[PDB]
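Chemist: I am sharing run-v4.cif, which consists of mmCIF, N, CA and C atoms:
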data_query
loop_
_atom_site.group_PDB
_atom_site.id
_atom_site.type_symbol
_atom_site.label_atom_id
_atom_site.label_comp_id
_atom_site.auth_asym_id
_atom_site.auth_seq_id
_atom_site.Cartn_x
_atom_site.Cartn_y
_atom_site.Cartn_z
ATOM 1 N N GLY M 1 73.348 4.292 -79.165
ATOM 2 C CA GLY M 1 73.959 4.481 -77.862
ATOM 3 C C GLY M 1 75.432 4.119 -77.856
ATOM 4 N N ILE M 2 76.185 4.729 -76.946
ATOM 5 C CA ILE M 2 77.614 4.467 -76.839
ATOM 6 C C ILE M 2 78.064 4.465 -75.381
ATOM 7 N N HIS M 3 77.115 4.260 -74.474
ATOM 8 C CA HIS M 3 77.414 4.231 -73.047
ATOM 9 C C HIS M 3 76.353 3.446 -72.284
ATOM 10 N N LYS M 4 76.784 2.713 -71.264
ATOM 11 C CA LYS M 4 75.871 1.916 -70.454
ATOM 12 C C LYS M 4 75.291 2.744 -69.313
ATOM 13 N N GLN M 5 76.138 3.089 -68.348
ATOM 14 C CA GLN M 5 75.709 3.883 -67.201
ATOM 15 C C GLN M 5 76.694 5.012 -66.922
ATOM 16 N N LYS M 6 77.402 5.443 -67.959
ATOM 17 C CA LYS M 6 78.378 6.518 -67.826
ATOM 18 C C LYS M 6 77.784 7.703 -67.070
ATOM 19 N N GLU M 7 76.490 7.934 -67.266
ATOM 20 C CA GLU M 7 75.802 9.034 -66.600
ATOM 21 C C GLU M 7 76.118 9.052 -65.108
ATOM 22 N N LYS M 8 76.062 7.879 -64.484
ATOM 23 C CA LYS M 8 76.344 7.755 -63.059
ATOM 24 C C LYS M 8 77.634 8.479 -62.694
ATOM 25 N N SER M 9 78.624 8.398 -63.577
ATOM 26 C CA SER M 9 79.912 9.045 -63.347
ATOM 27 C C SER M 9 79.848 10.525 -63.707
ATOM 28 N N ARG M 10 80.573 11.345 -62.953
ATOM 29 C CA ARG M 10 80.599 12.781 -63.191
ATOM 30 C C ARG M 10 81.765 13.162 -64.100
ATOM 31 N N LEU M 11 82.972 13.138 -63.545
ATOM 32 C CA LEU M 11 84.169 13.479 -64.306
ATOM 33 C C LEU M 11 85.053 12.253 -64.508
ATOM 34 N N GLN M 12 85.169 11.435 -63.468
ATOM 35 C CA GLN M 12 85.987 10.228 -63.533
ATOM 36 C C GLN M 12 85.677 9.431 -64.795
ATOM 37 N N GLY M 13 84.394 9.337 -65.133
ATOM 38 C CA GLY M 13 83.990 8.599 -66.317
ATOM 39 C C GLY M 13 84.808 8.970 -67.537
ATOM 40 N N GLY M 14 85.193 10.240 -67.628
ATOM 41 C CA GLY M 14 85.979 10.698 -68.759
ATOM 42 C C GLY M 14 87.157 9.789 -69.052
ATOM 43 N N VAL M 15 87.956 9.506 -68.026
ATOM 44 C CA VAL M 15 89.121 8.645 -68.180
ATOM 45 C C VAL M 15 88.766 7.366 -68.930
ATOM 46 N N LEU M 16 87.640 6.764 -68.557
ATOM 47 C CA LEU M 16 87.186 5.533 -69.197
ATOM 48 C C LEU M 16 87.240 5.656 -70.717
ATOM 49 N N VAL M 17 86.568 6.674 -71.246
ATOM 50 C CA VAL M 17 86.540 6.906 -72.686
ATOM 51 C C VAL M 17 87.943 6.842 -73.279
ATOM 52 N N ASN M 18 88.860 7.612 -72.705
ATOM 53 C CA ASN M 18 90.239 7.642 -73.178
ATOM 54 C C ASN M 18 90.783 6.230 -73.360
ATOM 55 N N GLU M 19 90.753 5.447 -72.286
ATOM 56 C CA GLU M 19 91.245 4.074 -72.327
ATOM 57 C C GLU M 19 90.677 3.331 -73.534
ATOM 58 N N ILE M 20 89.360 3.388 -73.692
ATOM 59 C CA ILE M 20 88.694 2.721 -74.805
ATOM 60 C C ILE M 20 89.389 3.031 -76.126
ATOM 61 N N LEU M 21 89.700 4.304 -76.340
ATOM 62 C CA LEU M 21 90.369 4.733 -77.563
ATOM 63 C C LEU M 21 91.571 3.845 -77.868
ATOM 64 N N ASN M 22 92.425 3.650 -76.868
ATOM 65 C CA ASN M 22 93.613 2.820 -77.028
ATOM 66 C C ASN M 22 93.260 1.485 -77.678
ATOM 67 N N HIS M 23 92.375 0.733 -77.031
ATOM 68 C CA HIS M 23 91.952 -0.563 -77.545
ATOM 69 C C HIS M 23 91.542 -0.459 -79.012
ATOM 70 N N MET M 24 90.566 0.399 -79.287
ATOM 71 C CA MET M 24 90.083 0.593 -80.651
ATOM 72 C C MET M 24 91.245 0.807 -81.614
ATOM 73 N N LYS M 25 92.060 1.818 -81.336
ATOM 74 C CA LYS M 25 93.209 2.130 -82.178
ATOM 75 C C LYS M 25 94.020 0.872 -82.478
ATOM 76 N N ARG M 26 94.394 0.150 -81.426
ATOM 77 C CA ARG M 26 95.174 -1.072 -81.577
ATOM 78 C C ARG M 26 94.563 -1.977 -82.642
ATOM 79 N N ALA M 27 93.233 -2.002 -82.701
ATOM 80 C CA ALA M 27 92.526 -2.824 -83.674
ATOM 81 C C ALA M 27 92.946 -2.473 -85.098
ATOM 82 N N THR M 28 92.985 -1.177 -85.396
ATOM 83 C CA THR M 28 93.368 -0.710 -86.722
ATOM 84 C C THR M 28 94.834 -1.020 -87.012
ATOM 85 N N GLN M 29 95.614 -1.208 -85.954
ATOM 86 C CA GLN M 29 97.033 -1.510 -86.097
ATOM 87 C C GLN M 29 97.243 -2.977 -86.459
ATOM 88 N N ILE M 30 96.180 -3.766 -86.345
ATOM 89 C CA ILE M 30 96.248 -5.188 -86.661
ATOM 90 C C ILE M 30 95.029 -5.633 -87.463
ATOM 91 N N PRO M 31 94.931 -5.147 -88.710
ATOM 92 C CA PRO M 31 93.819 -5.483 -89.603
ATOM 93 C C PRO M 31 93.866 -6.934 -90.068
ATOM 94 N N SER M 32 94.852 -7.677 -89.573
ATOM 95 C CA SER M 32 95.011 -9.079 -89.940
ATOM 96 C C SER M 32 93.685 -9.824 -89.825
ATOM 97 N N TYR M 33 92.940 -9.531 -88.765
ATOM 98 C CA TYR M 33 91.651 -10.176 -88.533
ATOM 99 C C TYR M 33 90.792 -10.142 -89.795
ATOM 100 N N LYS M 34 91.003 -9.120 -90.619
ATOM 101 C CA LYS M 34 90.250 -8.968 -91.859
ATOM 102 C C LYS M 34 90.231 -10.276 -92.646
ATOM 103 N N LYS M 35 91.382 -10.935 -92.718
ATOM 104 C CA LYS M 35 91.498 -12.197 -93.438
ATOM 105 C C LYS M 35 90.513 -13.226 -92.891
ATOM 106 N N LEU M 36 90.370 -13.259 -91.570
ATOM 107 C CA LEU M 36 89.458 -14.196 -90.923
ATOM 108 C C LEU M 36 88.039 -14.030 -91.456
ATOM 109 N N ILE M 37 87.428 -12.891 -91.152
ATOM 110 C CA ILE M 37 86.071 -12.608 -91.602
ATOM 111 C C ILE M 37 85.947 -12.775 -93.114
ATOM 112 N N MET M 38 87.020 -12.450 -93.827
ATOM 113 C CA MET M 38 87.033 -12.567 -95.282
ATOM 114 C C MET M 38 87.168 -14.026 -95.710
ATOM 115 N N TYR M 39 87.183 -14.254 -97.018
ATOM 116 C CA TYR M 39 87.305 -15.602 -97.556
ATOM 117 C C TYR M 39 88.586 -16.271 -97.067
#
For the structure just supplied, provide its representation as structure tokens.
Modeler:
Amino acid sequence: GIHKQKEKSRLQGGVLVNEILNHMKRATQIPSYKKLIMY
């Protein structure tokens, strides 16, 4: 699964997805965290 109650939303929900992308992308822009999980 990749959605909680997105179904409830008709079109507006779409915008939500877009926003999410930003956050995710930013993550790849800062792989520094890798060091943490790593040794």
Chemist: Where's the centre, and what are the edge lengths in Å to one decimal, of a box along x, y and z enclosing all listed atoms of stretch 22-39 of chain M padded 4 Å per side, as lines of an AutoDock Vina configuration file?
Modeler:
center_x = 91.6
center_y = -6.3
center_z = -87.2
size_x = 19.3
size_y = 27.9
size_z = 28.7
Chemist: Rounded to one decimal, what separation in Å do you get between atom CA of residue M:34 and atom CA of residue M:22?
Modeler: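 Separation between atom CA of residue M:34 and atom CA of residue M:22: 19.2 Å.
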Chemist: Tell me, in Å to one decimal, how far atom N of residue M:16 is from atom N of residue M:2.
Modeler: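 Straight-line distance from atom N of residue M:16 to atom N of residue M:2 works out to 14.3 Å.
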Chemist: To one decimal in Å, tell me the separation between atom N of residue M:18 and atom C of residue M:4.
Modeler: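 Interatomic distance, atom N of residue M:18 to atom C of residue M:4: 14.8 Å.
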